[PDB]
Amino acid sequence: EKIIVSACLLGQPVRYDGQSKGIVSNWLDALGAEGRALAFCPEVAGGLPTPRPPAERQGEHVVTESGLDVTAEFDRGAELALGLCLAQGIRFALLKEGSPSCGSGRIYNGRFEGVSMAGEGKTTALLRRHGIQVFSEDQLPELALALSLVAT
């Protein structure tokens, strides 16, 4: 029935630079109009401000370029995303690609050099570990299908 969605994909200005990543989708707009797309930002939920410095995963740690360790906030935001899914009975997530929290197919490599690698963010990894299917904004058709199959 409902899905959890990265708040930036819904146009909320919660990105590290205060920007949004609002996607153009008639389907996502309709889902939101029905009260079925729950906005959530793991980094803001975890206690990080907006704006905030860029961060990259370095294995299980998440750090900024200056070496500040923000894993505590990233892990809290991931656990709150899981908590919202369990409370609302959500089995699907639409999360922002490339993010150290929301990435699902790729993330930055931890070297702060603009290089991506195959991998997932901290929130995606925890949701997948608990049986929640995570799709990126590049997989809207697949997500829409997965949600429609259980409708009747």
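Residue positions are given as counts along the sequence shown, with the first one as 1.
On average the C-alpha atoms of 81-89 have higher B-factors than those of the other stretch, with 41-49 and 81-89 being the two compared. Higher average CA B factor: 21-29, of the stretches 21-29 and 8-16. The residue among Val115, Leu126, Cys102, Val63 whose C-alpha carries the highest B-factor in the deposited model is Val115.
Per the PDB record, residue ranking by Cα B-factor puts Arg57 in the lowest third of the chain. Sort the chain's modelled residues by C-alpha temperature factor and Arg36 lands in the highest third, per the entry. Residue-level temperature factors show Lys96 in the lowest third of its chain, judged at the C-alpha atom. Ranked by Cα temperature factor within the chain, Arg106 sits in the middle third according to the deposited record.
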